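Trainee: Dropping in run04.txt, with compact mmCIF, N, CA and C atoms (P, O5', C5', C4', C3', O3' and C1' of nucleotides) and all ligand atoms.
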# COMPACT_ATOMS: atom_id res chain seq x y z
N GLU A 1 -44.28 -48.14 12.53
CA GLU A 1 -44.55 -49.29 13.39
C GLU A 1 -43.87 -50.55 12.85
N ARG A 2 -43.71 -51.55 13.72
CA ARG A 2 -43.13 -52.83 13.34
C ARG A 2 -44.08 -53.97 13.66
N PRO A 3 -45.11 -54.15 12.84
CA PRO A 3 -46.12 -55.16 13.14
C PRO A 3 -45.64 -56.61 12.99
N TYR A 4 -44.49 -56.83 12.35
CA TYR A 4 -44.05 -58.20 12.02
C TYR A 4 -43.02 -58.73 13.01
N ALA A 5 -43.47 -59.55 13.96
CA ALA A 5 -42.60 -60.01 15.04
C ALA A 5 -41.95 -61.34 14.71
N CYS A 6 -40.72 -61.53 15.17
CA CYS A 6 -40.07 -62.81 14.95
C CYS A 6 -40.67 -63.84 15.91
N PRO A 7 -41.13 -64.99 15.37
CA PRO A 7 -41.80 -65.97 16.24
C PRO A 7 -40.90 -66.93 17.00
N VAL A 8 -39.60 -66.82 16.79
CA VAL A 8 -38.65 -67.64 17.53
C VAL A 8 -38.52 -67.14 18.97
N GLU A 9 -38.51 -68.09 19.91
CA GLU A 9 -38.75 -67.81 21.34
C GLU A 9 -37.77 -66.82 21.94
N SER A 10 -36.49 -67.07 21.73
CA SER A 10 -35.43 -66.26 22.33
C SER A 10 -35.37 -64.85 21.74
N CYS A 11 -36.24 -64.58 20.77
CA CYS A 11 -36.11 -63.41 19.92
C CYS A 11 -37.28 -62.45 20.05
N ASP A 12 -36.96 -61.18 20.31
CA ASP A 12 -37.98 -60.14 20.46
C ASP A 12 -37.91 -59.12 19.32
N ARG A 13 -37.24 -59.49 18.23
CA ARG A 13 -37.10 -58.60 17.08
C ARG A 13 -38.45 -58.38 16.40
N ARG A 14 -38.63 -57.17 15.88
CA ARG A 14 -39.83 -56.82 15.12
C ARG A 14 -39.40 -56.09 13.84
N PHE A 15 -40.31 -56.03 12.86
CA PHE A 15 -40.00 -55.46 11.54
C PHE A 15 -41.17 -54.68 10.95
N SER A 16 -40.84 -53.64 10.17
CA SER A 16 -41.83 -52.84 9.45
C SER A 16 -42.36 -53.60 8.26
N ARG A 17 -41.48 -54.38 7.64
CA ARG A 17 -41.84 -55.11 6.43
C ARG A 17 -41.75 -56.61 6.57
N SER A 18 -42.71 -57.31 5.98
CA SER A 18 -42.81 -58.76 6.13
C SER A 18 -41.60 -59.44 5.52
N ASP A 19 -41.10 -58.90 4.41
CA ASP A 19 -39.97 -59.53 3.75
C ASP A 19 -38.72 -59.40 4.60
N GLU A 20 -38.64 -58.36 5.42
CA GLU A 20 -37.46 -58.20 6.30
C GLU A 20 -37.49 -59.27 7.40
N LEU A 21 -38.68 -59.59 7.91
CA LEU A 21 -38.81 -60.71 8.84
C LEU A 21 -38.42 -62.02 8.16
N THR A 22 -38.86 -62.25 6.92
CA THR A 22 -38.53 -63.49 6.23
C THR A 22 -37.00 -63.63 6.06
N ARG A 23 -36.34 -62.53 5.72
CA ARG A 23 -34.87 -62.53 5.63
C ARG A 23 -34.23 -62.82 7.00
N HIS A 24 -34.74 -62.16 8.03
CA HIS A 24 -34.25 -62.34 9.39
C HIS A 24 -34.35 -63.78 9.85
N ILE A 25 -35.42 -64.48 9.48
CA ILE A 25 -35.62 -65.86 9.93
C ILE A 25 -34.49 -66.77 9.47
N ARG A 26 -33.84 -66.44 8.37
CA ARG A 26 -32.71 -67.24 7.91
C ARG A 26 -31.60 -67.35 8.95
N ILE A 27 -31.51 -66.38 9.85
CA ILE A 27 -30.47 -66.42 10.87
C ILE A 27 -30.74 -67.62 11.77
N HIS A 28 -32.01 -67.79 12.12
CA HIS A 28 -32.46 -68.89 12.97
C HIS A 28 -32.47 -70.25 12.23
N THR A 29 -32.76 -70.27 10.93
CA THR A 29 -32.82 -71.52 10.19
C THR A 29 -31.45 -71.93 9.67
N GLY A 30 -30.54 -70.97 9.58
CA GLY A 30 -29.24 -71.21 9.00
C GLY A 30 -29.27 -71.31 7.49
N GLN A 31 -30.39 -70.92 6.88
CA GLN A 31 -30.52 -71.01 5.44
C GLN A 31 -29.58 -69.99 4.78
N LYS A 32 -28.73 -70.48 3.89
CA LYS A 32 -27.74 -69.66 3.19
C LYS A 32 -27.85 -70.07 1.72
N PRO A 33 -28.86 -69.51 1.03
CA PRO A 33 -29.29 -70.01 -0.28
C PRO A 33 -28.39 -69.65 -1.45
N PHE A 34 -27.34 -68.85 -1.22
CA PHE A 34 -26.59 -68.25 -2.32
C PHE A 34 -25.16 -68.72 -2.24
N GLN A 35 -24.75 -69.54 -3.19
CA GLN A 35 -23.43 -70.18 -3.11
C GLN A 35 -22.46 -69.55 -4.10
N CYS A 36 -21.25 -69.26 -3.62
CA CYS A 36 -20.18 -68.81 -4.49
C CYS A 36 -19.70 -69.94 -5.40
N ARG A 37 -19.70 -69.67 -6.70
CA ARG A 37 -19.35 -70.67 -7.69
C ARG A 37 -17.86 -70.99 -7.66
N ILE A 38 -17.08 -70.06 -7.11
CA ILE A 38 -15.62 -70.18 -7.13
C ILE A 38 -15.12 -70.99 -5.94
N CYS A 39 -15.55 -70.65 -4.72
CA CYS A 39 -15.03 -71.33 -3.53
C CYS A 39 -16.07 -72.17 -2.79
N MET A 40 -17.32 -72.15 -3.25
CA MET A 40 -18.41 -72.98 -2.73
C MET A 40 -18.97 -72.50 -1.37
N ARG A 41 -18.45 -71.39 -0.85
CA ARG A 41 -19.00 -70.82 0.38
C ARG A 41 -20.45 -70.36 0.18
N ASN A 42 -21.28 -70.57 1.20
CA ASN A 42 -22.69 -70.18 1.14
C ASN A 42 -22.97 -68.91 1.92
N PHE A 43 -23.94 -68.13 1.43
CA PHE A 43 -24.27 -66.83 2.00
C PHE A 43 -25.77 -66.69 2.18
N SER A 44 -26.12 -65.97 3.23
CA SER A 44 -27.49 -65.63 3.55
C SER A 44 -28.14 -64.66 2.56
N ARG A 45 -27.32 -63.87 1.87
CA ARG A 45 -27.85 -62.78 1.05
C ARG A 45 -27.20 -62.70 -0.32
N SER A 46 -28.02 -62.50 -1.35
CA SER A 46 -27.51 -62.44 -2.70
C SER A 46 -26.59 -61.25 -2.92
N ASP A 47 -26.87 -60.12 -2.27
CA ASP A 47 -26.04 -58.93 -2.45
C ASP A 47 -24.67 -59.14 -1.82
N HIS A 48 -24.61 -59.85 -0.70
CA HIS A 48 -23.34 -60.12 -0.04
C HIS A 48 -22.54 -61.17 -0.82
N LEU A 49 -23.24 -62.07 -1.52
CA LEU A 49 -22.55 -62.98 -2.43
C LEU A 49 -21.82 -62.16 -3.50
N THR A 50 -22.51 -61.21 -4.10
CA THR A 50 -21.91 -60.43 -5.17
C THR A 50 -20.63 -59.72 -4.73
N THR A 51 -20.65 -59.06 -3.58
CA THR A 51 -19.42 -58.39 -3.12
C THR A 51 -18.33 -59.40 -2.73
N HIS A 52 -18.74 -60.53 -2.16
CA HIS A 52 -17.77 -61.59 -1.86
C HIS A 52 -17.02 -62.05 -3.12
N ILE A 53 -17.74 -62.23 -4.22
CA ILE A 53 -17.13 -62.72 -5.46
C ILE A 53 -15.97 -61.81 -5.89
N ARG A 54 -16.08 -60.52 -5.59
CA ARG A 54 -15.02 -59.57 -5.95
C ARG A 54 -13.71 -59.88 -5.24
N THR A 55 -13.75 -60.62 -4.14
CA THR A 55 -12.52 -61.03 -3.49
C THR A 55 -11.74 -61.99 -4.37
N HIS A 56 -12.42 -62.74 -5.22
CA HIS A 56 -11.76 -63.68 -6.12
C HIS A 56 -11.34 -63.01 -7.43
N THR A 57 -12.19 -62.12 -7.97
CA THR A 57 -11.97 -61.59 -9.31
C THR A 57 -11.10 -60.34 -9.29
N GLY A 58 -11.02 -59.63 -8.17
CA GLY A 58 -10.29 -58.39 -8.12
C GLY A 58 -11.06 -57.21 -8.67
N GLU A 59 -12.34 -57.38 -8.96
CA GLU A 59 -13.15 -56.29 -9.51
C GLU A 59 -13.28 -55.18 -8.46
N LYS A 60 -13.08 -53.93 -8.87
CA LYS A 60 -13.14 -52.81 -7.94
C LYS A 60 -13.88 -51.66 -8.61
N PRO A 61 -15.23 -51.68 -8.56
CA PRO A 61 -16.02 -50.72 -9.36
C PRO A 61 -16.01 -49.28 -8.84
N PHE A 62 -15.60 -49.05 -7.61
CA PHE A 62 -15.82 -47.75 -6.97
C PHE A 62 -14.53 -46.95 -6.78
N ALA A 63 -14.38 -45.88 -7.53
CA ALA A 63 -13.15 -45.07 -7.50
C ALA A 63 -13.31 -43.81 -6.63
N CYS A 64 -12.27 -43.52 -5.84
CA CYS A 64 -12.22 -42.29 -5.05
C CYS A 64 -12.21 -41.04 -5.95
N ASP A 65 -13.11 -40.10 -5.68
CA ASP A 65 -13.16 -38.88 -6.47
C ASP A 65 -11.90 -38.04 -6.39
N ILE A 66 -11.23 -38.05 -5.26
CA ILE A 66 -10.03 -37.23 -5.05
C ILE A 66 -8.77 -37.84 -5.66
N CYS A 67 -8.54 -39.13 -5.46
CA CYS A 67 -7.28 -39.76 -5.86
C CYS A 67 -7.39 -40.89 -6.88
N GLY A 68 -8.61 -41.37 -7.14
CA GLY A 68 -8.81 -42.40 -8.14
C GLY A 68 -8.59 -43.82 -7.63
N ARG A 69 -8.17 -44.03 -6.39
CA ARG A 69 -8.01 -45.38 -5.85
C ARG A 69 -9.35 -46.13 -5.91
N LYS A 70 -9.29 -47.40 -6.32
CA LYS A 70 -10.46 -48.24 -6.58
C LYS A 70 -10.73 -49.23 -5.45
N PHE A 71 -12.03 -49.44 -5.20
CA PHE A 71 -12.50 -50.33 -4.16
C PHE A 71 -13.61 -51.28 -4.64
N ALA A 72 -13.67 -52.44 -4.01
CA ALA A 72 -14.70 -53.43 -4.31
C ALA A 72 -16.09 -53.04 -3.86
N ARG A 73 -16.17 -52.22 -2.81
CA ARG A 73 -17.46 -51.83 -2.25
C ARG A 73 -17.61 -50.34 -2.07
N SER A 74 -18.85 -49.85 -2.18
CA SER A 74 -19.09 -48.43 -2.06
C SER A 74 -18.78 -47.94 -0.66
N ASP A 75 -19.09 -48.74 0.36
CA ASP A 75 -18.85 -48.30 1.73
C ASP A 75 -17.36 -48.22 2.04
N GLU A 76 -16.58 -49.05 1.34
CA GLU A 76 -15.15 -49.08 1.48
C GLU A 76 -14.58 -47.81 0.87
N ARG A 77 -15.07 -47.43 -0.31
CA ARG A 77 -14.71 -46.15 -0.87
C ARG A 77 -15.08 -45.02 0.07
N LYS A 78 -16.29 -45.06 0.61
CA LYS A 78 -16.72 -43.99 1.53
C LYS A 78 -15.79 -43.80 2.72
N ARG A 79 -15.40 -44.91 3.32
CA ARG A 79 -14.53 -44.89 4.46
C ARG A 79 -13.17 -44.30 4.08
N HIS A 80 -12.76 -44.54 2.85
CA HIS A 80 -11.49 -44.02 2.36
C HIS A 80 -11.50 -42.52 2.03
N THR A 81 -12.54 -42.02 1.37
CA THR A 81 -12.52 -40.64 0.90
C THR A 81 -12.23 -39.66 2.01
N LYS A 82 -12.67 -39.96 3.24
CA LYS A 82 -12.43 -39.04 4.34
C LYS A 82 -11.00 -38.83 4.76
N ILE A 83 -10.09 -39.72 4.38
CA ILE A 83 -8.71 -39.55 4.77
C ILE A 83 -8.10 -38.33 4.10
N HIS A 84 -8.73 -37.84 3.04
CA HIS A 84 -8.20 -36.69 2.31
C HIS A 84 -8.52 -35.36 2.99
N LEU A 85 -9.33 -35.40 4.05
CA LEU A 85 -9.62 -34.17 4.82
C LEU A 85 -8.39 -33.63 5.56
N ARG A 86 -8.55 -32.47 6.20
CA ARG A 86 -7.47 -31.81 6.92
C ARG A 86 -6.66 -32.78 7.77
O5' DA B 1 -6.78 -49.48 3.87
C5' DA B 1 -5.52 -50.04 3.68
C4' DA B 1 -5.56 -51.54 3.74
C3' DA B 1 -6.56 -52.21 2.80
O3' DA B 1 -5.93 -53.31 2.18
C1' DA B 1 -6.99 -52.88 5.05
P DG B 2 -6.56 -54.05 0.92
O5' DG B 2 -7.55 -55.16 1.52
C5' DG B 2 -7.02 -56.32 2.10
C4' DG B 2 -8.13 -57.19 2.65
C3' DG B 2 -9.25 -57.53 1.68
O3' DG B 2 -9.52 -58.93 1.80
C1' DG B 2 -10.19 -56.61 3.62
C1' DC B 3 -14.47 -58.14 4.05
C3' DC B 3 -14.58 -59.85 2.55
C4' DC B 3 -13.34 -59.95 3.46
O3' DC B 3 -15.56 -60.66 3.15
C5' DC B 3 -12.07 -60.39 2.77
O5' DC B 3 -11.94 -59.60 1.62
P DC B 3 -10.55 -59.65 0.82
P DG B 4 -16.58 -61.57 2.34
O5' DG B 4 -17.38 -62.22 3.53
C5' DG B 4 -16.68 -62.89 4.58
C4' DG B 4 -17.43 -62.75 5.89
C3' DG B 4 -18.94 -62.93 5.77
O3' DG B 4 -19.45 -63.67 6.87
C1' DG B 4 -18.45 -60.80 6.67
P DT B 5 -20.90 -64.36 6.77
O5' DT B 5 -21.88 -63.21 7.21
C5' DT B 5 -21.93 -62.73 8.53
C4' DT B 5 -22.83 -61.52 8.59
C3' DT B 5 -24.14 -61.63 7.78
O3' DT B 5 -25.23 -61.25 8.54
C1' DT B 5 -23.10 -59.62 7.38
P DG B 6 -26.68 -61.94 8.37
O5' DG B 6 -27.56 -60.99 9.31
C5' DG B 6 -27.14 -60.72 10.66
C4' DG B 6 -27.33 -59.25 11.05
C3' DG B 6 -28.74 -58.65 10.87
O3' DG B 6 -29.03 -57.68 11.92
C1' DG B 6 -27.26 -57.40 9.60
P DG B 7 -30.37 -56.77 11.93
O5' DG B 7 -30.03 -55.45 11.08
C5' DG B 7 -29.30 -54.39 11.64
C4' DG B 7 -29.89 -53.06 11.23
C3' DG B 7 -31.39 -53.01 11.19
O3' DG B 7 -31.81 -51.68 11.52
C1' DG B 7 -30.60 -52.71 8.98
P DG B 8 -33.36 -51.30 11.70
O5' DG B 8 -33.77 -50.79 10.25
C5' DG B 8 -33.20 -49.61 9.79
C4' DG B 8 -33.55 -49.35 8.34
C3' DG B 8 -35.05 -49.40 7.99
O3' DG B 8 -35.46 -48.10 7.58
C1' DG B 8 -33.70 -50.42 6.34
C1' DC B 9 -35.76 -49.57 2.21
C3' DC B 9 -37.05 -47.73 2.67
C4' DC B 9 -35.68 -47.61 3.35
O3' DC B 9 -37.03 -47.15 1.38
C5' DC B 9 -35.76 -47.18 4.79
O5' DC B 9 -36.78 -47.92 5.43
P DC B 9 -36.94 -47.80 7.04
P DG B 10 -37.93 -45.89 1.01
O5' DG B 10 -37.68 -45.79 -0.56
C5' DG B 10 -36.38 -45.53 -1.03
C4' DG B 10 -36.17 -46.12 -2.40
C3' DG B 10 -37.39 -46.06 -3.30
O3' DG B 10 -36.98 -45.74 -4.59
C1' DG B 10 -36.68 -48.29 -3.06
P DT B 11 -38.05 -45.43 -5.75
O5' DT B 11 -38.14 -46.84 -6.51
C5' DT B 11 -37.00 -47.36 -7.13
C4' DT B 11 -37.23 -48.80 -7.54
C3' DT B 11 -38.51 -49.05 -8.38
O3' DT B 11 -38.18 -49.55 -9.67
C1' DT B 11 -38.19 -50.68 -6.70
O5' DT C 1 -41.17 -62.19 1.60
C5' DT C 1 -41.51 -63.48 1.14
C4' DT C 1 -41.45 -63.55 -0.37
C3' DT C 1 -40.16 -63.06 -0.99
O3' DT C 1 -39.24 -64.13 -1.10
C1' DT C 1 -42.02 -62.05 -2.08
P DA C 2 -37.66 -63.87 -1.08
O5' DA C 2 -37.31 -63.32 -2.55
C5' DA C 2 -37.71 -64.04 -3.71
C4' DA C 2 -37.28 -63.29 -4.94
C3' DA C 2 -35.78 -62.99 -4.99
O3' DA C 2 -35.31 -63.05 -6.34
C1' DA C 2 -37.01 -60.94 -4.87
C1' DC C 3 -33.01 -57.90 -6.23
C3' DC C 3 -31.78 -59.44 -7.54
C4' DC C 3 -33.27 -59.50 -7.89
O3' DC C 3 -31.16 -58.72 -8.60
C5' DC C 3 -33.82 -60.90 -7.95
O5' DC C 3 -33.30 -61.63 -6.85
P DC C 3 -33.73 -63.16 -6.66
P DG C 4 -29.58 -58.61 -8.65
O5' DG C 4 -29.25 -57.30 -7.83
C5' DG C 4 -29.65 -56.05 -8.28
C4' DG C 4 -29.48 -55.03 -7.18
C3' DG C 4 -28.11 -55.07 -6.51
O3' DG C 4 -27.65 -53.80 -6.35
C1' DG C 4 -29.74 -55.06 -4.89
P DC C 5 -26.50 -53.22 -7.32
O5' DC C 5 -26.54 -51.74 -6.92
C5' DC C 5 -26.38 -51.45 -5.63
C4' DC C 5 -27.29 -50.33 -5.26
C3' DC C 5 -26.58 -49.34 -4.39
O3' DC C 5 -26.84 -48.03 -4.81
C1' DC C 5 -28.40 -50.35 -3.18
P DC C 6 -24.44 -48.24 -3.09
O5' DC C 6 -25.18 -47.55 -1.86
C5' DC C 6 -26.13 -46.54 -2.12
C4' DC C 6 -26.79 -46.11 -0.85
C3' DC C 6 -25.83 -45.58 0.20
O3' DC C 6 -26.41 -44.51 0.91
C1' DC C 6 -26.87 -47.58 1.00
P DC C 7 -25.51 -43.59 1.86
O5' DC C 7 -25.47 -44.45 3.22
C5' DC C 7 -26.74 -44.73 3.86
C4' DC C 7 -26.63 -45.76 4.98
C3' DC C 7 -25.49 -45.53 5.99
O3' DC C 7 -26.01 -45.07 7.20
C1' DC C 7 -25.82 -47.82 5.51
P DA C 8 -25.04 -44.51 8.34
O5' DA C 8 -24.62 -45.79 9.21
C5' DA C 8 -25.62 -46.52 9.87
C4' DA C 8 -25.07 -47.84 10.31
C3' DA C 8 -23.79 -47.74 11.14
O3' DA C 8 -24.09 -47.90 12.51
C1' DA C 8 -23.78 -49.57 9.58
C1' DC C 9 -21.31 -52.67 13.10
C3' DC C 9 -21.88 -51.72 15.17
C4' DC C 9 -23.08 -51.65 14.23
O3' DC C 9 -22.06 -52.84 16.03
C5' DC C 9 -23.68 -50.27 14.09
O5' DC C 9 -22.63 -49.30 14.06
P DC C 9 -22.93 -47.76 13.61
P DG C 10 -21.08 -53.09 17.27
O5' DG C 10 -19.93 -54.02 16.66
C5' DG C 10 -20.25 -55.34 16.26
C4' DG C 10 -19.07 -55.96 15.56
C3' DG C 10 -17.73 -55.80 16.28
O3' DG C 10 -17.32 -57.03 16.81
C1' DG C 10 -17.57 -55.50 13.91
P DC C 11 -16.17 -57.10 17.94
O5' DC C 11 -14.82 -56.88 17.13
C5' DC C 11 -13.90 -57.94 16.98
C4' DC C 11 -14.14 -58.73 15.71
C3' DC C 11 -12.91 -59.47 15.22
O3' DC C 11 -13.26 -60.74 14.68
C1' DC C 11 -13.62 -57.97 13.55
ZN ZN D 101 -35.66 -63.77 15.36
ZN ZN D 102 -16.03 -67.47 -3.00
ZN ZN D 103 -8.72 -41.21 -2.34
Take the structure in the file and give it back as structure tokens.
Ligand SMILES: [Zn+2]
Ligand SMILES: [Zn+2]
Ligand SMILES: [Zn+2]
Mentor:
Amino acid sequence: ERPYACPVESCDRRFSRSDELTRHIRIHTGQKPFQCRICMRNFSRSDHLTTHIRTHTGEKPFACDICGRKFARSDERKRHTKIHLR
DNA sequence: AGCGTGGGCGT
DNA sequence: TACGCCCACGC
């Protein structure tokens, strides 16, 4: 069930967890509490800040098992590994 | 390709 | 509640 409803008028979104509603509300408030120290851009989410920072540093923690090519994000690696199929 | 950013959730 | 994985949609 999703007992936690968004109280903003135009919005009919609901959530299973209260913290997910609190995160969602930032969309409506525009709150972007996490600032990149390098370029000063602000982000809604701390995890998205971390991956953004890799655009500046070149850090690529995730290597393809088949070919060893490195990526900044796990989902980016995932999208890549499939190219090695038939 | 590079990468923003919500969806759902384990801890 | 925060932190931060995965997952997913969308340029
Ligand atoms: Zn809402
Ligand atoms: Zn930055
Ligand atoms: Zn590969």
Trainee: Could the residues of chain C within 8 Å of chain A, counting only N, CA and C atoms (P, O5', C5', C4', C3', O3' and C1' of nucleotides), be given as a ChimeraX atom specification, please?
Mentor: /C:1-7
Trainee: If you run DSSP on the backbone here, which positions in range 9-86 of chain A get helix (DSSP H, G or I)? Please write them as number ranges by chain.
Mentor: A: 18-29, 46-57, 74-84
Trainee: List the neighbours of residue 35 in chain A out to 12 Å using only C-alpha atoms (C1' of nucleotides); skip same-chain residues closer than 2 positions along the sequence, and give me the result as a PDB file with N, CA and C atoms, in the coordinates of the input.
Mentor:
ATOM      1  N   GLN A  31     -30.390 -70.920   6.880  1.00  0.00           N
ATOM      2  CA  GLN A  31     -30.520 -71.010   5.440  1.00  0.00           C
ATOM      3  C   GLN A  31     -29.580 -69.990   4.780  1.00  0.00           C
ATOM      4  N   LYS A  32     -28.730 -70.480   3.890  1.00  0.00           N
ATOM      5  CA  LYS A  32     -27.740 -69.660   3.190  1.00  0.00           C
ATOM      6  C   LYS A  32     -27.850 -70.070   1.720  1.00  0.00           C
ATOM      7  N   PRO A  33     -28.860 -69.510   1.030  1.00  0.00           N
ATOM      8  CA  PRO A  33     -29.290 -70.010  -0.280  1.00  0.00           C
ATOM      9  C   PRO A  33     -28.390 -69.650  -1.450  1.00  0.00           C
ATOM     10  N   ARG A  37     -19.700 -69.670  -6.700  1.00  0.00           N
ATOM     11  CA  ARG A  37     -19.350 -70.670  -7.690  1.00  0.00           C
ATOM     12  C   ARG A  37     -17.860 -70.990  -7.660  1.00  0.00           C
ATOM     13  N   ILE A  38     -17.080 -70.060  -7.110  1.00  0.00           N
ATOM     14  CA  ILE A  38     -15.620 -70.180  -7.130  1.00  0.00           C
ATOM     15  C   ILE A  38     -15.120 -70.990  -5.940  1.00  0.00           C
ATOM     16  N   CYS A  39     -15.550 -70.650  -4.720  1.00  0.00           N
ATOM     17  CA  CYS A  39     -15.030 -71.330  -3.530  1.00  0.00           C
ATOM     18  C   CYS A  39     -16.070 -72.170  -2.790  1.00  0.00           C
ATOM     19  N   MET A  40     -17.320 -72.150  -3.250  1.00  0.00           N
ATOM     20  CA  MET A  40     -18.410 -72.980  -2.730  1.00  0.00           C
ATOM     21  C   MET A  40     -18.970 -72.500  -1.370  1.00  0.00           C
ATOM     22  N   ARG A  41     -18.450 -71.390  -0.850  1.00  0.00           N
ATOM     23  CA  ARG A  41     -19.000 -70.820   0.380  1.00  0.00           C
ATOM     24  C   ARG A  41     -20.450 -70.360   0.180  1.00  0.00           C
ATOM     25  N   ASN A  42     -21.280 -70.570   1.200  1.00  0.00           N
ATOM     26  CA  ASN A  42     -22.690 -70.180   1.140  1.00  0.00           C
ATOM     27  C   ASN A  42     -22.970 -68.910   1.920  1.00  0.00           C
ATOM     28  N   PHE A  43     -23.940 -68.130   1.430  1.00  0.00           N
ATOM     29  CA  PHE A  43     -24.270 -66.830   2.000  1.00  0.00           C
ATOM     30  C   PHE A  43     -25.770 -66.690   2.180  1.00  0.00           C
ATOM     31  N   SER A  44     -26.120 -65.970   3.230  1.00  0.00           N
ATOM     32  CA  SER A  44     -27.490 -65.630   3.550  1.00  0.00           C
ATOM     33  C   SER A  44     -28.140 -64.660   2.560  1.00  0.00           C
ATOM     34  N   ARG A  45     -27.320 -63.870   1.870  1.00  0.00           N
ATOM     35  CA  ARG A  45     -27.850 -62.780   1.050  1.00  0.00           C
ATOM     36  C   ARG A  45     -27.200 -62.700  -0.320  1.00  0.00           C
ATOM     37  N   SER A  46     -28.020 -62.500  -1.350  1.00  0.00           N
ATOM     38  CA  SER A  46     -27.510 -62.440  -2.700  1.00  0.00           C
ATOM     39  C   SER A  46     -26.590 -61.250  -2.920  1.00  0.00           C
ATOM     40  N   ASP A  47     -26.870 -60.120  -2.270  1.00  0.00           N
ATOM     41  CA  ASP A  47     -26.040 -58.930  -2.450  1.00  0.00           C
ATOM     42  C   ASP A  47     -24.670 -59.140  -1.820  1.00  0.00           C
ATOM     43  N   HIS A  48     -24.610 -59.850  -0.700  1.00  0.00           N
ATOM     44  CA  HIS A  48     -23.340 -60.120  -0.040  1.00  0.00           C
ATOM     45  C   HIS A  48     -22.540 -61.170  -0.820  1.00  0.00           C
ATOM     46  N   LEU A  49     -23.240 -62.070  -1.520  1.00  0.00           N
ATOM     47  CA  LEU A  49     -22.550 -62.980  -2.430  1.00  0.00           C
ATOM     48  C   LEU A  49     -21.820 -62.160  -3.500  1.00  0.00           C
ATOM     49  N   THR A  50     -22.510 -61.210  -4.100  1.00  0.00           N
ATOM     50  CA  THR A  50     -21.910 -60.430  -5.170  1.00  0.00           C
ATOM     51  C   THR A  50     -20.630 -59.720  -4.730  1.00  0.00           C
ATOM     52  N   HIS A  52     -18.740 -60.530  -2.160  1.00  0.00           N
ATOM     53  CA  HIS A  52     -17.770 -61.590  -1.860  1.00  0.00           C
ATOM     54  C   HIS A  52     -17.020 -62.050  -3.120  1.00  0.00           C
ATOM     55  N   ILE A  53     -17.740 -62.230  -4.220  1.00  0.00           N
ATOM     56  CA  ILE A  53     -17.130 -62.720  -5.460  1.00  0.00           C
ATOM     57  C   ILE A  53     -15.970 -61.810  -5.890  1.00  0.00           C
TER      58      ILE A  53
END
Trainee: Using DSSP assignments from the backbone, pull out every residue in range 47-80 of chain A that falls under strand (DSSP E) and give it to me as a ChimeraX atom specification.
Mentor: /A:62-63,70-71
Trainee: Ligand ZN 101 (chain D): which residues are within 6 Å, counting only N, CA and C atoms (P, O5', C5', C4', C3', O3' and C1' of nucleotides) and all ligand atoms, as a PyMOL selection string?
Mentor: chain A and resi 6-8+11-13+24-25
Trainee: Expressed in Å to a single decimal, how great is the separation between atom C of residue 2 in chain A and atom N of residue 16 in chain A?
Mentor: 4.8 Å
Trainee: Do you know which residues are within 5 Å of ligand ZN 103 (chain D) using all atoms listed in the file? Can you write them as a list in words?
Mentor: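 If we count all atoms listed in the file, the neighbours of ligand ZN 103 (chain D) turn out to be residues 64, 66, 67, 68 and 69 of chain A.
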Trainee: With a distance threshold of 6.5 Å and counting all atoms listed in the file, extract the residues of chain B near chain A and express them as a short mmCIF file (atom, residue, chain, number, x, y, z; two decimals) with N, CA and C atoms (P, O5', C5', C4', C3', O3' and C1' of nucleotides), keeping the file's coordinate frame.
Mentor:
data_model
loop_
_atom_site.label_atom_id
_atom_site.label_comp_id
_atom_site.auth_asym_id
_atom_site.auth_seq_id
_atom_site.Cartn_x
_atom_site.Cartn_y
_atom_site.Cartn_z
P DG B 2 -6.56 -54.05 0.92
"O5'" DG B 2 -7.55 -55.16 1.52
"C5'" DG B 2 -7.02 -56.32 2.10
"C4'" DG B 2 -8.13 -57.19 2.65
"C3'" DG B 2 -9.25 -57.53 1.68
"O3'" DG B 2 -9.52 -58.93 1.80
"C1'" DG B 2 -10.19 -56.61 3.62
"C1'" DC B 3 -14.47 -58.14 4.05
"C3'" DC B 3 -14.58 -59.85 2.55
"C4'" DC B 3 -13.34 -59.95 3.46
"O3'" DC B 3 -15.56 -60.66 3.15
"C5'" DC B 3 -12.07 -60.39 2.77
"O5'" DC B 3 -11.94 -59.60 1.62
P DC B 3 -10.55 -59.65 0.82
P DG B 4 -16.58 -61.57 2.34
"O5'" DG B 4 -17.38 -62.22 3.53
"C5'" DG B 4 -16.68 -62.89 4.58
"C4'" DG B 4 -17.43 -62.75 5.89
"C3'" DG B 4 -18.94 -62.93 5.77
"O3'" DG B 4 -19.45 -63.67 6.87
"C1'" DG B 4 -18.45 -60.80 6.67
P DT B 5 -20.90 -64.36 6.77
"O5'" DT B 5 -21.88 -63.21 7.21
"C5'" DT B 5 -21.93 -62.73 8.53
"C4'" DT B 5 -22.83 -61.52 8.59
"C3'" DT B 5 -24.14 -61.63 7.78
"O3'" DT B 5 -25.23 -61.25 8.54
"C1'" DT B 5 -23.10 -59.62 7.38
P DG B 6 -26.68 -61.94 8.37
"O5'" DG B 6 -27.56 -60.99 9.31
"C5'" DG B 6 -27.14 -60.72 10.66
"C4'" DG B 6 -27.33 -59.25 11.05
"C3'" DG B 6 -28.74 -58.65 10.87
"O3'" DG B 6 -29.03 -57.68 11.92
"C1'" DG B 6 -27.26 -57.40 9.60
#
Trainee: When you draw a straight line from CA of residue 79 in chain A to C1' of residue 8 in chain C, how long is it in Å?
Mentor: 11.6 Å
Trainee: Nearest residue to ligand ZN 102 (chain D) out of A:60, A:78, A:71, A:36, using all atoms listed in the file?
Mentor: A:36
Trainee: Just how far from atom N of residue 62 in chain A is CA of residue 83 in chain A, in Å to one decimal?
Mentor: 17.1 Å
Trainee: Using only N, CA and C atoms and all ligand atoms, can you tell me which of A:54, A:10, A:28, A:5 comes closest to ligand ZN 102 (chain D)?
Mentor: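 Selected residue with least distance to ligand ZN 102 (chain D): A:54.
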Trainee: From the options A:34, A:26, A:21, A:56, which residue's atoms come nearest to ligand ZN 102 (chain D), counting only C-alpha atoms and all ligand atoms?
Mentor: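 The shortest atom-to-atom distance to ligand ZN 102 (chain D) comes from A:56.
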